[PDB]
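Residue numbers (the authors' numbering), protein chains in the order written: chain A, 1 to 87, 91 to 358, 365 to 647, 656 to 771; chain B, 4 to 342, 345 to 494, 499 to 536, 543 to 708; chain C, 102 to 190; chain D, 705 to 753; chain E, 303 to 352.
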């Protein structure tokens, strides 16, 4: 009680000091960030020495008085002094040993469960080590010197600006800005985190700092030995280095590593959807992106915020990103191959040669990344000048060689003409002529002798002495009896370059991205995988994949009408629940849309028990807000509710209706929908403050009472109210219809203007 | 990266219009974000709403090209016949049938509204929004929803602009977009207008020559002329292969720079009690009850510089020890520190004593006298190499729990290496260094500006593997001598060392030391008492030196890496556990005897490296630092010649001059030089790309 | 490239224009000219600014640009006031 | 962050917390008024500068 | 190959040149930051040493 007084009295004392008063008044609050920075704690000249000097004295350490006064005796067991009344700060000085005593004999119970899930980051990184096997040997290992690979991977990894929002929300409500983008979309993780942390007020500053690290993969530039899974990264040191090796590792990994790959396969299909119709590629893929909803192991998350903010850049993922405003440069994709550009420059030039063609005339040096095989190439004037291969497996080296020769594009490119004109020439996609590099590429991907053909197209020579280890056989061996020209293997791997860069530009109408004013990064279609397997994945809106039955679309859309259209204002569910009037709710016109799909036999018999439950829940503190939606539609007329021969029981989550626990979301077969502001469900206690918001900012004119956030629930609809926001600024809102058309509003006008 | 910023908070496609507009409409890279707001602000205001008819309620004009927007504003002159609004508005309503233009300002609304209102009057529906929620408008407001939605966007945008702290840049034309120039102070402009290098004096002309620069290939000729004038040395290694061997200074033999004596130093054994020894300061107090109290030197010393002072002090120490280990002196301290102060004179009054030159006024600074190569050092190394009877000195912690795969290897290697190196005399000296310098390091905090008696001790446990059940391996601490603290000058402490010894002193190396004849001490063995000498000296200890000499353990590690790496590099070739084999079988060249090159196994030639690293810790002078950091170049050139790489060095005389230059009075530094000579020699004998005199 | 410098500059402009002058406190020791001594950048800046405040009124720049503009404005200042310590017996 | 002075935010936040603690929590009314009094009495001394 | 170390690296280089180089780099970028680039060197072209 005085805790809040003494602070005010302190404020009084401080604003009386005119010097402090002015600096407190002038300028923004941001100034704090500066004012803190005008304090270094102490001199940092001799670190170890200073500490050895520090601990040498018996009573130097600063400590907390009040708590030790409250809980335990300040005096000692062996008659060596521990405590005094001597002092500038409120913290009184004490000996080092005391700390060890309270650890021993202090009275405390039941903290064990509270700890671990605070540092699930660290504790998990422990847990993972338990589950592995071991083996030991030696070798002159050739490690892969530079990979910018995620280390310390955790599920639901995200960017630094957004995680800060989470940090803010989960820390404390009182001083938090109403940040929409992250909260609306990624709510659910919000619930979980906020729930486990907000209830027990402990270590407020610390927890926040450790959560920042909890979702940050430390993507450092490190030397790896072929085990490229982000789990093995954490503990590479024990696993190896240049002369060490360990075994039985791949097994115990977190659920993330595969879940990324899944998203690649999602993006694959989402790109095929836009491939299917070449009326437009720009306006349609974006729809498939923003519509699609992902389900992570423990959270529902949008596809957009995964794609935009994923770490790993695959050929697909590049294309997925290109639709959105997501800058992820330094990546070059070509078919299955990955490339990086290190040297030189030159212009795109047109050259017709007998089998139009785009050729580059740069003295350019680039790095080749293929499965189990790395290499270094340099092209000059449309032909490979210098080449070296640092691969593992013989095949994959050959694949490298070929793939890079394609991109290289010699005169022998044209000479090989088995078929092509019959099939590979014209792609069967609304009569579209597919680009030429990719044509020969696909011609080589076709069969086994097609690889042999161009492999033989290069100059072949019996290599010299001084090139036996270096020479490359046609079959991929190091024998050097016969070998390819302008090429040498290296006994060991090749290092990968890295650049801290961001580049982004719009995409062309055929899934091409002329980023950095050219460069052909997009590769159109990497892999023609004609497959449709999914697990726990959501899709929506004329998706061109038939998962929607007539009877199920009727039910689902019938529900969606009700769920979605409600809560904006008066004569919608929220006001009706707030009034305690449940008749208007029965007579709702969106229920009349749902009426004719119920089984006629028991229509009244259902409506009976439906009208019962809804009425019994009218009393506050007992109603389940999810159930009401499930139960409502049958109430219109005068356990198993057959809606066109399919049942919907109260509770008992099923195919038609999934009542999810502890988070606002609900599944209808292979589909998901939810509403955010109209929530006061008894299970949503922790985020009753967060969830209730479908408000928006108007004007500051009225004399609206300064209500606390918890008081915001009571003020009804059309009510202009005043509130403290974030770290300072105070604004005014009302109960308003949900923010709408963030992207489209612009996009359509932008389309109209041309 | 403005795009980066804009596209992060704004809508992806909305930025493109800004980016495009900025190329033609204006020419300022930052402003994309300013207009980026304005544009988006409009679109939301005019799209969702449609008129009662099939046509839309509003039509957008701003985002279109400025040139197109003109001709689109000229339509209104055809449609409604109102005066050519010389100013191009943003939007046209069809339900309200009027001109609409939107403004967005940071400050209190009036400030900006009055401007735009001044521009067009009541002619258009002018709506001016503030990010904070402040509102200003013409007569009527937009519809209740779009207000709500626009302000919500603006408010959130604002917070994003405050998080990145972009504020005074964002203001609107009449206010601050005009004043974007860098402030031009006449002082600065002058300073600049005479800071230029060229014959050109004004900046503008230098600017012009810079901006309009196109450099032709005359730099070839400039570079050849530069080359002729250069006469740059195109050097070869076969020609200068001699390197004139290595130059070495001539004069008096270098002295014992180390703060403590090693080889000759003498021990006094004491079986330690955990509760008596814990103090470490009381160690001596419990020693004195033994024989120590008996020893007293004569007034007449061998090879002494200041006998009577040290002799007195000894008695003051001994006298102190009985009562309490602190010297009760106010005046003797000040002398003993001095053995001095220099009284100061103000410049102001000195002017008269320059005019009248008295006290003989002058200015001089002094240099250190060069010394010659030491002989003893070899013997010191040879003694520091061999195993002492006492087992282990440096307190090493326990070993951790281990997994079979790596921990076994590490734990094993460590246990063996420690096991070898703990027995050595080298380790002894490390131990005493650590324990004593540690003891002083405490005393500096405990009693500053005070005179304290600190012992020179080391802790060791004797190990007995006679295969019998003995009482125990003997647990103890032994003493080397007594030390005296004197706090002076923060800065460097002055220290006074008194060590016991059983060996006859040598004037050539102990020149700094002052020796006494102390008495006689008993030494014995069975399968005789020798005279005792007391060595005394004074030295300077920097806090830094205290710190780095107290952590002497480090030397182990630098050895370890170096040792281990060899075994791994070896074993890794054969893909087998060759650590244990390599350690015992791999032969390292250690020394020379009877003119023949000798080598030992890596487990015993380890000791060498450890000694070397310990000496590197002890004998570290700025001389040595330079010595090594120019020495590397010799080694690289050497290994160049080894693997027949046909090296070269541009000014070897100049290198050897820098090597010579850093060789002053540092026993180690010199030793290493003289050894590098013999290296160069024996190397030249193996493979000839060097000289022998 | 051909816009190599243009681009590299753009990035710089961007990073700097953003920057709060407080970030200037991060770094090595620098010369405080108030007391004419070497200091940890933070404190030196504190004094630097505080002196400006006491001379000509509190600084409201909150940015590197306006800081620099003030810096250049101080050269033409014929007079400047300091926080200087003088002990009297 | 936000377009406010440090003191202005401090005052209003203290009022908000005082209200929060008074309305539902365990603190007296006359004490809340005593807090308000301290706040306003601080605002004077803040204004004078 | 050659290992190259340089002596008196800092004593050789001159802010006078850097001014010109900065003026060459800032040629096209902006007349609002060019003047903010050219300022840094002149303080070293006119520097005082304690």
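The beta-carbon is built from N, C-alpha and C at its ideal position, and this holds for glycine as well.
query	result
Neighbour list for residue 161 of chain C in chain A, Cβ cutoff strictly below 8 Å	26 and 27
Which of helix, strand or coil DSSP assigns to residue 687 of chain B	helix
Backbone secondary structure at residue 643 of chain B - three-state DSSP	helix
Beta-carbon proximity list for residue 134 of chain A, same chain, < 7 Å, skipping 5 on both sides	255
Backbone CA spacing between residue 233 of chain A and residue 152 of chain A [nearest angstrom]	7 Å
Collapsed DSSP secondary structure at residue 165 of chain B in the structure displayed	helix
Option nearest residue 251 of chain B by Cα separation, candidates B:602, B:369, B:645 and B:685	B:685
C-alpha distance - residue 769 of chain A paired with residue 761 of chain A, whole-angstrom precision	12 Å
Residue 197 of chain B versus residue 190 of chain B - alpha carbon distance	11 Å
Contact check, residue 186 of chain B vs residue 180 of chain C, beta carbons under 8 Å	no
Which residues DSSP lists as bridging residue 131 of chain B, in chain order	B:106 and B:139
Which of helix, strand or coil DSSP assigns to residue 350 of chain B	coil
Residue-level contact to chain A via CB, residue 573 of chain B, 8 Å cutoff	no
Any chain B beta carbon closer than 8 Å to residue 347 of chain E	yes
Members of the segment 242-268 of chain A that neighbour chain B once the beta carbon cut-off is set at 7 Å	246 and 249
Every unbroken beta strand (DSSP E) inside the segment 446-492 of chain B [3 residues or more]	456-466 and 480-491
Closer than 8 Å to chain F by CB, residue 255 of chain B	Annotation note: the requested chain F is absent from the structure, which comprises protein chains A, B, C, D and E.
is_contact[residue 40 of chain A, chain C] using C-beta, thresh 8 Å	yes
Residue from B:554, B:28 and B:5 whose Cα sits closest to the Cα of residue 342 of chain B	B:554
Nearest-angstrom Cβ-Cβ length linking residue 706 of chain A and residue 583 of chain A, presumed shorter than 8 Å	No, residue 706 of chain A and residue 583 of chain A are not in contact; Cβ-Cβ is about 16 Å, not under 8 Å.
Extent of the continuous alpha helix (DSSP H) to which residue 396 of chain A belongs	Per DSSP, residue 396 of chain A belongs to no alpha helix (DSSP H); it is in the beta strand (DSSP E), 392-400.
Residue range of the alpha helix (DSSP H) that includes residue 39 of chain B	35-49
Whole-number beta carbon distance between residue 129 of chain B and residue 104 of chain B, since they are thought to touch under 8 Å	6 Å
Residue 411 of chain A - DSSP class collapsed to helix/strand/coil	helix
Neighbour-count burial assignment, residue 247 of chain A, 16 or more Cβ in a 10 Å radius	buried
Backbone CA spacing between residue 452 of chain A and residue 601 of chain A [nearest angstrom]	59 Å
Three-state secondary structure (DSSP) of residue 376 of chain A	strand
Reduced DSSP secondary structure (H/G/I, E/B, other) of residue 45 of chain A	coil
Residues that residue 7 of chain A contacts on chain D, provided the C-beta gap is smaller than 8 Å	718
Test: residue 117 of chain C CB closer than 8 Å to a CB of chain B	no
Within 8 Å, strictly: CB atoms of residue 518 of chain B and residue 259 of chain B	yes
Burial state of residue 682 of chain B (16 or more Cβ within 10 Å)	buried
Limits of the unbroken alpha helix (DSSP H) element including residue 101 of chain A	100-108
Listed by chain order, chain E residues near residue 497 of chain B by CB distance under 9 Å	Because chain B is numbered 494 and then 499 with no intervening positions, residue 497 of chain B cannot be located in this model.
Beta-carbon proximity check, residue 445 of chain A vs residue 523 of chain A, cutoff 8 Å	no
Distance CB(residue 756 of chain A)-CB(residue 133 of chain B) smaller than 8 Å	no
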